[PDB]
Amino acid sequence: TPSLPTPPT
Amino acid sequence: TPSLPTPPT
Amino acid sequence: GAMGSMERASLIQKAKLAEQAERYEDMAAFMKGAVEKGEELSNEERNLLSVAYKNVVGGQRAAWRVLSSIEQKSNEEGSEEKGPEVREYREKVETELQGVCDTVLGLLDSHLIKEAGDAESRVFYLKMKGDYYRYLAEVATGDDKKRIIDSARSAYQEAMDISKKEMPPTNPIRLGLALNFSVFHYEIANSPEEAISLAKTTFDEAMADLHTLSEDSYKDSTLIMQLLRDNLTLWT
Amino acid sequence: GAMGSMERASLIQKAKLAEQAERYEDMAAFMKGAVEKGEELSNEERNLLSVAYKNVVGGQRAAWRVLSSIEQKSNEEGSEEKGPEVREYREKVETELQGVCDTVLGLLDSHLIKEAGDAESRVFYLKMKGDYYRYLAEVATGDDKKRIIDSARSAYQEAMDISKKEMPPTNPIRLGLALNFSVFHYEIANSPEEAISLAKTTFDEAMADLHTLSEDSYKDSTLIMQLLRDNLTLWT
Ligand SMILES: *Cc1ccc(S(=O)(=O)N2CCNc3ccccc32)cc1
Ligand SMILES: *Cc1ccc(S(=O)(=O)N2CCNc3ccccc32)cc1
């Protein structure tokens with residue numbers, strides 16, 4: 001399952 | 001300019 | 001440590017450059033150096049620490065899963081023996097992943113969590129603690145495996161308790177914590193019903209609070225709500 | 001070296017696993033270990049060496065270009081002074097890139113090129129030599145810069161001379177060499193007309209030989225021909 005993604009700051 | 005790409009072996 | 005001679009502000013500046021350059025191992029090393037200066041982190045600095053390490057460990061986890069799949073295939077009936085190499089290399093990647101998780105956990109324990117008194121900082125770090133124990137649980141098999149899973153659960157639970165008391169139901173950190181703890185329930189703790197219940201209740205309670213938000217806050221909260229809904233769709 | 005205790009066959013096996021895992025630094029270290037066993041490389045092993053290092057250096061070059069652009073912007077009129085950090089970090093990435101290029105060049109010199117007698121191996125390694133000197137030229141500024149550019153030119157030229165004598169005009173290595181040497185002319189040597197002439201002649205001579213090829217060979221040759229045409233389209 002997908003967890004929280006990590007977009008650029 | 002693009003040079004030769006590196007596809008998977 | 002190798003960043004001991006660099007100014008805190010310079011380490012933060014270089015972390016931001018490393019992010020732009022997609023140099024996440026460098027980013028993580030700069031942020032580790034910044035934490036080791038001993039001062040508390042601002043909101044922005046906490047996000048840089050998290051981005052750096054999530055990118056590093058994410059790459060390691062993806063590699064580990066590829067190797068573990070190959071290793072699984074090798075142990076099926078009919079498979080030709082190819083020697084110890086797949087196990088050895090999976091083990092190498094696993095040890096490196098464990099090392100990074102231990103490093104992040106070590107920063108949290110020395111001394112980020114103990115100095116974090118505001119809900120936004122404390123919840124953020126306890127969420128991180130749960131996540132990196134969850135990554136350790138994904139690769140665990142030995143005598144301490146139950147303890148690793150329980151350490152992730154305990155961290156997430158403390159984060160949840162504080163977030164429910166101290167943060168609105170739309171707070172992005174609260175939402176992301178709930179998302180990740182639901183994934184823990186589903187993927188690690190063999191508790192799909194708890195996962196589903198938590199995602200549903202979190203979504204519903206956030207929906208009900210959206211009316212209080214600015215346009216900008218709404219965007220961030222609704223993005224994470226959609227991620228909760230995506231998982232609910234997958235799980236049901 | 002740290003791979004000295006691992007069997008050659010195991011290093012090759014692990015290089016292939018590392019590729020699947022997208023672990024290109026590991027892949028390169030395994031292939032370096034395999035070259036250092038002292039035996040010549042097969043066609044497949046040469047391709048693994050090349051893939052590993054092109055992925056590593058490609059990531060470093062992309063990072064360097066991002067940092068060099070930021071550094072350039074900083075030196076424009078109107079730009080606020082932000083201290084030495086951007087230059088320092090560009091320099092760090094540059095030094096690491098130079099190190100990898102020097103490592104690859106060192107493998108070629110000790111002793112891959114001198115033992116390569118067949119055209120497919122020798123042209124392949126001289127093409128590599130030209131490419132890694134070209135990457136060094138991209139970041140060079142000092143007293144040896146002209147010499148670095150001339151070292152790339154000399155390697156490419158020797159490769160071209162052998163390929164023209166010994167390989168058909170559709171050979172993929174010959175084609176890729178011509179593509180990269182044309183890029184050298186355009187991007188490094190300030191010779192766009194030579195770049196265009198080489199790409200055109202290479203394309204035309206390959207076209208004329210396609211009739212001799214199997215379906216499978218045709219696919220590979222036409223792919224690289226299209227890359228030559230793409231550059232011609234960009235340059236004209
Ligand atoms: C754990 C957590 C939760 C939210 C945030 S954020 O700063 O709002 N942010 C960046 C990380 N991922 C993310 C996804 C969607 C929307 C916002 C974010 C940071 C960390
Ligand atoms: C330099 C060179 C030229 C061709 C080849 S290949 O093995 O035919 N190959 C893999 C590398 N890139 C590539 C692009 C298009 C078509 C074939 C290839 C290898 C190396």
# chains A, B, ... in the order shown; residues from 1 in each chain; ligands from 1

$ residues_near_ligand --ligand "ligand 1" --cutoff "10 Å" --atoms "only C-alpha atoms and all ligand atoms" --output "VMD selection string"
(chain A and resid 3 to 9) or (chain C and resid 43 to 44 46 to 48 50 to 51 54 123 to 128 131 171 to 180 217 219 to 227)

$ calpha_fit_and_write --fixed "chain D" --moving "chain C" --output "short mmCIF file (atom, residue, chain, number, x, y, z; two decimals) with C-alpha atoms, in the first residue's frame"
data_model
loop_
_atom_site.label_atom_id
_atom_site.label_comp_id
_atom_site.auth_asym_id
_atom_site.auth_seq_id
_atom_site.Cartn_x
_atom_site.Cartn_y
_atom_site.Cartn_z
CA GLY C 1 40.65 -3.58 -3.31
CA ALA C 2 37.49 -4.45 -1.42
CA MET C 3 36.31 -6.84 -4.17
CA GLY C 4 39.59 -8.78 -4.16
CA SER C 5 38.14 -11.69 -2.18
CA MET C 6 35.04 -12.18 -4.36
CA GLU C 7 35.01 -14.58 -7.33
CA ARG C 8 34.94 -12.95 -10.80
CA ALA C 9 31.73 -14.81 -11.68
CA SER C 10 30.10 -13.67 -8.41
CA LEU C 11 31.02 -10.02 -9.11
CA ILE C 12 29.40 -10.28 -12.55
CA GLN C 13 26.29 -11.95 -11.09
CA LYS C 14 26.04 -9.20 -8.47
CA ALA C 15 26.53 -6.49 -11.06
CA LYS C 16 23.46 -7.82 -12.89
CA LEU C 17 21.50 -7.88 -9.58
CA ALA C 18 22.61 -4.35 -8.79
CA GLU C 19 21.38 -3.21 -12.21
CA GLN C 20 17.95 -4.77 -11.56
CA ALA C 21 17.91 -3.03 -8.17
CA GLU C 22 18.95 0.32 -9.72
CA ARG C 23 21.98 0.31 -7.46
CA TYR C 24 24.46 1.73 -9.95
CA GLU C 25 27.24 2.68 -7.54
CA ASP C 26 27.26 -0.94 -6.34
CA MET C 27 27.12 -2.13 -9.97
CA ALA C 28 30.17 -0.03 -10.81
CA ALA C 29 32.09 -1.29 -7.78
CA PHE C 30 31.34 -4.90 -8.73
CA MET C 31 32.42 -4.31 -12.34
CA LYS C 32 35.61 -2.54 -11.22
CA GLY C 33 36.35 -5.60 -9.10
CA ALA C 34 35.71 -7.85 -12.10
CA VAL C 35 38.08 -5.81 -14.36
CA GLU C 36 40.74 -5.91 -11.62
CA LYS C 37 40.76 -9.76 -11.80
CA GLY C 38 42.97 -9.15 -14.87
CA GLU C 39 41.10 -11.15 -17.49
CA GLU C 40 39.65 -9.63 -20.66
CA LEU C 41 35.94 -8.81 -20.67
CA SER C 42 33.33 -10.42 -22.91
CA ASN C 43 30.87 -8.36 -24.93
CA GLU C 44 28.23 -8.66 -22.24
CA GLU C 45 30.71 -7.76 -19.47
CA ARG C 46 31.88 -4.65 -21.40
CA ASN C 47 28.23 -3.52 -21.61
CA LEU C 48 27.76 -4.05 -17.85
CA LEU C 49 30.88 -1.96 -17.11
CA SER C 50 29.61 0.80 -19.36
CA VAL C 51 26.07 0.84 -18.03
CA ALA C 52 27.30 1.00 -14.43
CA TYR C 53 29.65 3.91 -14.89
CA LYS C 54 27.46 5.86 -17.33
CA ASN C 55 24.67 5.77 -14.76
CA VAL C 56 26.95 6.89 -11.93
CA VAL C 57 28.61 9.71 -13.87
CA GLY C 58 25.34 10.71 -15.47
CA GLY C 59 23.84 11.39 -12.07
CA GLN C 60 26.92 13.38 -11.05
CA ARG C 61 26.87 15.42 -14.30
CA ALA C 62 23.18 16.23 -13.82
CA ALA C 63 23.87 17.40 -10.27
CA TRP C 64 26.89 19.42 -11.40
CA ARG C 65 24.84 21.20 -14.04
CA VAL C 66 22.14 22.10 -11.52
CA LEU C 67 24.73 23.52 -9.12
CA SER C 68 26.74 25.31 -11.84
CA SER C 69 23.53 27.02 -13.01
CA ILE C 70 22.77 28.23 -9.48
CA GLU C 71 26.38 29.40 -9.13
CA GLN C 72 26.13 31.27 -12.48
CA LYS C 73 22.92 32.99 -11.37
CA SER C 74 24.65 34.09 -8.14
CA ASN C 75 27.35 35.91 -10.11
CA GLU C 76 24.85 38.04 -12.05
CA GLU C 77 24.33 41.72 -11.28
CA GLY C 78 21.58 42.23 -8.71
CA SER C 79 22.14 38.87 -6.98
CA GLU C 80 22.42 38.89 -3.20
CA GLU C 81 25.72 37.51 -1.80
CA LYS C 82 25.08 34.14 -0.17
CA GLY C 83 28.62 33.13 0.76
CA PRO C 84 30.86 30.35 -0.47
CA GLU C 85 28.42 27.43 -0.10
CA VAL C 86 27.20 27.05 -3.69
CA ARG C 87 30.78 27.10 -5.07
CA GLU C 88 31.94 24.73 -2.31
CA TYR C 89 29.19 22.21 -3.00
CA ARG C 90 29.63 22.44 -6.80
CA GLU C 91 33.31 21.83 -6.20
CA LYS C 92 32.54 18.77 -4.03
CA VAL C 93 30.33 17.23 -6.70
CA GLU C 94 32.90 18.15 -9.36
CA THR C 95 35.73 16.45 -7.46
CA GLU C 96 33.64 13.29 -6.99
CA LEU C 97 32.78 13.28 -10.73
CA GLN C 98 36.44 13.74 -11.65
CA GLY C 99 37.30 10.86 -9.34
CA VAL C 100 34.92 8.50 -11.03
CA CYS C 101 36.15 9.53 -14.49
CA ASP C 102 39.73 9.01 -13.37
CA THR C 103 38.81 5.56 -12.04
CA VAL C 104 37.26 4.51 -15.36
CA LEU C 105 40.18 5.93 -17.33
CA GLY C 106 42.50 4.06 -14.97
CA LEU C 107 40.75 0.74 -15.70
CA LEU C 108 41.04 1.43 -19.44
CA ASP C 109 44.75 2.18 -19.06
CA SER C 110 45.43 -0.71 -16.64
CA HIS C 111 45.01 -2.79 -18.74
CA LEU C 112 41.84 -3.08 -20.83
CA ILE C 113 42.87 -1.15 -23.92
CA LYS C 114 46.33 -2.68 -24.27
CA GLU C 115 44.93 -6.23 -24.23
CA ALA C 116 42.01 -5.43 -26.62
CA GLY C 117 42.88 -6.69 -30.08
CA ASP C 118 39.53 -7.35 -31.71
CA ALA C 119 37.79 -4.32 -33.25
CA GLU C 120 34.60 -4.72 -31.16
CA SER C 121 36.55 -4.57 -27.92
CA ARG C 122 39.12 -1.96 -28.88
CA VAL C 123 36.65 0.46 -30.42
CA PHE C 124 34.36 0.02 -27.41
CA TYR C 125 37.11 0.92 -24.93
CA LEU C 126 38.46 3.84 -26.99
CA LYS C 127 34.92 5.19 -27.24
CA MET C 128 34.71 4.94 -23.46
CA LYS C 129 38.05 6.74 -23.14
CA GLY C 130 36.76 9.56 -25.33
CA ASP C 131 33.54 9.80 -23.34
CA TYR C 132 35.17 10.00 -19.92
CA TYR C 133 37.70 12.59 -21.12
CA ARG C 134 34.71 14.47 -22.59
CA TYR C 135 33.08 14.43 -19.13
CA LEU C 136 36.30 15.73 -17.62
CA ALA C 137 36.32 18.46 -20.32
CA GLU C 138 32.80 19.55 -19.43
CA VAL C 139 34.06 20.70 -15.98
CA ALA C 140 37.62 21.75 -16.86
CA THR C 141 38.91 25.32 -16.64
CA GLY C 142 42.71 25.16 -15.78
CA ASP C 143 46.12 24.82 -17.55
CA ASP C 144 45.38 21.24 -18.74
CA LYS C 145 41.96 21.94 -20.28
CA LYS C 146 43.16 21.94 -23.88
CA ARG C 147 45.08 18.72 -23.15
CA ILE C 148 41.86 17.13 -21.71
CA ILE C 149 39.93 18.04 -24.84
CA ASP C 150 42.75 16.73 -27.00
CA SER C 151 42.82 13.47 -25.07
CA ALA C 152 39.10 12.97 -25.77
CA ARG C 153 39.62 13.87 -29.46
CA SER C 154 42.59 11.47 -29.82
CA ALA C 155 40.70 8.55 -28.28
CA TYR C 156 37.63 9.13 -30.41
CA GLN C 157 39.75 9.52 -33.52
CA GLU C 158 41.60 6.23 -33.00
CA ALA C 159 38.24 4.53 -32.40
CA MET C 160 36.87 6.06 -35.59
CA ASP C 161 39.85 4.96 -37.66
CA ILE C 162 39.55 1.36 -36.47
CA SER C 163 35.77 1.28 -36.81
CA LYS C 164 35.89 2.54 -40.40
CA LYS C 165 38.40 -0.11 -41.37
CA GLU C 166 37.06 -3.06 -39.41
CA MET C 167 33.30 -2.69 -38.85
CA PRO C 168 30.27 -2.32 -41.16
CA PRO C 169 28.64 1.12 -41.23
CA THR C 170 25.62 -0.27 -39.36
CA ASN C 171 27.58 -1.74 -36.44
CA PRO C 172 25.95 -0.32 -33.25
CA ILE C 173 29.29 0.44 -31.62
CA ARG C 174 30.44 2.29 -34.73
CA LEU C 175 27.16 4.22 -34.76
CA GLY C 176 27.24 5.11 -31.07
CA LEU C 177 30.86 6.19 -31.36
CA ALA C 178 29.96 8.50 -34.24
CA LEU C 179 27.00 9.87 -32.28
CA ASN C 180 29.20 10.65 -29.25
CA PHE C 181 32.11 12.03 -31.27
CA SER C 182 29.62 14.32 -33.08
CA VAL C 183 28.40 15.50 -29.68
CA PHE C 184 32.05 16.14 -28.71
CA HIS C 185 32.45 18.29 -31.82
CA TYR C 186 29.26 20.23 -31.13
CA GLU C 187 29.42 20.66 -27.34
CA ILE C 188 33.13 20.57 -26.47
CA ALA C 189 35.24 21.46 -29.54
CA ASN C 190 33.21 24.40 -30.81
CA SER C 191 32.89 22.62 -34.20
CA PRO C 192 29.16 22.41 -35.01
CA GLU C 193 29.80 22.00 -38.75
CA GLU C 194 32.04 18.99 -38.14
CA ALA C 195 29.38 17.59 -35.78
CA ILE C 196 26.67 17.95 -38.43
CA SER C 197 28.86 16.52 -41.21
CA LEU C 198 29.81 13.50 -39.15
CA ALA C 199 26.23 12.76 -38.10
CA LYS C 200 24.96 13.12 -41.70
CA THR C 201 27.64 10.95 -43.29
CA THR C 202 27.25 8.31 -40.57
CA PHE C 203 23.46 8.22 -41.03
CA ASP C 204 23.72 7.99 -44.81
CA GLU C 205 26.28 5.26 -44.85
CA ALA C 206 24.30 3.23 -42.33
CA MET C 207 21.10 3.64 -44.37
CA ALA C 208 22.83 2.18 -47.39
CA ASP C 209 23.90 -0.95 -45.45
CA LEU C 210 20.59 -1.74 -43.71
CA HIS C 211 19.66 -4.13 -46.57
CA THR C 212 22.31 -6.59 -45.39
CA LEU C 213 20.88 -6.99 -41.88
CA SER C 214 18.57 -9.39 -40.12
CA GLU C 215 15.40 -8.01 -38.59
CA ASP C 216 17.05 -8.01 -35.17
CA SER C 217 20.22 -6.21 -36.30
CA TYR C 218 18.07 -3.70 -38.23
CA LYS C 219 16.25 -2.78 -35.03
CA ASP C 220 19.42 -1.92 -33.18
CA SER C 221 21.04 -0.01 -36.04
CA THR C 222 17.90 1.99 -36.88
CA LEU C 223 17.44 3.00 -33.24
CA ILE C 224 20.87 4.71 -33.18
CA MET C 225 20.30 6.15 -36.63
CA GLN C 226 17.18 7.85 -35.31
CA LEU C 227 19.26 9.36 -32.48
CA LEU C 228 21.67 10.77 -35.08
CA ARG C 229 18.68 12.20 -36.99
CA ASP C 230 17.27 13.70 -33.76
CA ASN C 231 20.52 15.57 -33.21
CA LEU C 232 20.63 16.70 -36.83
CA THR C 233 17.08 18.03 -36.38
CA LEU C 234 18.12 19.90 -33.21
CA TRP C 235 21.27 21.35 -34.85
CA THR C 236 19.65 22.49 -38.11
#

$ atom_distance --atom1 "atom CA of residue 1 of chain B" --atom2 "atom 13 (C, counted along the ligand's line) of ligand 2"
16.1 Å

$ decode --residues "segment 70-111 of chain D" --atoms "C-alpha atoms" --output "PDB file, in the first residue's frame"
ATOM      1  CA  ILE D  70      22.765  28.233  -9.477  1.00  0.00           C
ATOM      2  CA  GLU D  71      26.375  29.399  -9.132  1.00  0.00           C
ATOM      3  CA  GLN D  72      26.131  31.266 -12.476  1.00  0.00           C
ATOM      4  CA  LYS D  73      22.917  32.991 -11.372  1.00  0.00           C
ATOM      5  CA  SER D  74      24.648  34.093  -8.142  1.00  0.00           C
ATOM      6  CA  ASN D  75      27.349  35.913 -10.111  1.00  0.00           C
ATOM      7  CA  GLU D  76      24.853  38.040 -12.047  1.00  0.00           C
ATOM      8  CA  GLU D  77      24.330  41.717 -11.285  1.00  0.00           C
ATOM      9  CA  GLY D  78      21.584  42.230  -8.706  1.00  0.00           C
ATOM     10  CA  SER D  79      22.142  38.869  -6.985  1.00  0.00           C
ATOM     11  CA  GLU D  80      22.424  38.893  -3.198  1.00  0.00           C
ATOM     12  CA  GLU D  81      25.721  37.511  -1.803  1.00  0.00           C
ATOM     13  CA  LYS D  82      25.083  34.144  -0.173  1.00  0.00           C
ATOM     14  CA  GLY D  83      28.621  33.132   0.760  1.00  0.00           C
ATOM     15  CA  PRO D  84      30.864  30.347  -0.474  1.00  0.00           C
ATOM     16  CA  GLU D  85      28.421  27.433  -0.100  1.00  0.00           C
ATOM     17  CA  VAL D  86      27.196  27.053  -3.695  1.00  0.00           C
ATOM     18  CA  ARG D  87      30.784  27.099  -5.070  1.00  0.00           C
ATOM     19  CA  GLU D  88      31.945  24.729  -2.311  1.00  0.00           C
ATOM     20  CA  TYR D  89      29.193  22.211  -2.998  1.00  0.00           C
ATOM     21  CA  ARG D  90      29.628  22.441  -6.799  1.00  0.00           C
ATOM     22  CA  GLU D  91      33.306  21.832  -6.197  1.00  0.00           C
ATOM     23  CA  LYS D  92      32.539  18.773  -4.027  1.00  0.00           C
ATOM     24  CA  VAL D  93      30.327  17.227  -6.695  1.00  0.00           C
ATOM     25  CA  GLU D  94      32.904  18.148  -9.364  1.00  0.00           C
ATOM     26  CA  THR D  95      35.733  16.453  -7.459  1.00  0.00           C
ATOM     27  CA  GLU D  96      33.643  13.291  -6.990  1.00  0.00           C
ATOM     28  CA  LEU D  97      32.779  13.278 -10.734  1.00  0.00           C
ATOM     29  CA  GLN D  98      36.436  13.737 -11.650  1.00  0.00           C
ATOM     30  CA  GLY D  99      37.300  10.858  -9.340  1.00  0.00           C
ATOM     31  CA  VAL D 100      34.916   8.498 -11.030  1.00  0.00           C
ATOM     32  CA  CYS D 101      36.151   9.535 -14.488  1.00  0.00           C
ATOM     33  CA  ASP D 102      39.729   9.005 -13.375  1.00  0.00           C
ATOM     34  CA  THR D 103      38.806   5.561 -12.038  1.00  0.00           C
ATOM     35  CA  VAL D 104      37.257   4.511 -15.355  1.00  0.00           C
ATOM     36  CA  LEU D 105      40.179   5.928 -17.325  1.00  0.00           C
ATOM     37  CA  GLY D 106      42.504   4.058 -14.975  1.00  0.00           C
ATOM     38  CA  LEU D 107      40.748   0.737 -15.705  1.00  0.00           C
ATOM     39  CA  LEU D 108      41.037   1.428 -19.440  1.00  0.00           C
ATOM     40  CA  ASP D 109      44.755   2.178 -19.057  1.00  0.00           C
ATOM     41  CA  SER D 110      45.427  -0.711 -16.640  1.00  0.00           C
ATOM     42  CA  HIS D 111      45.012  -2.786 -18.741  1.00  0.00           C
TER      43      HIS D 111
END
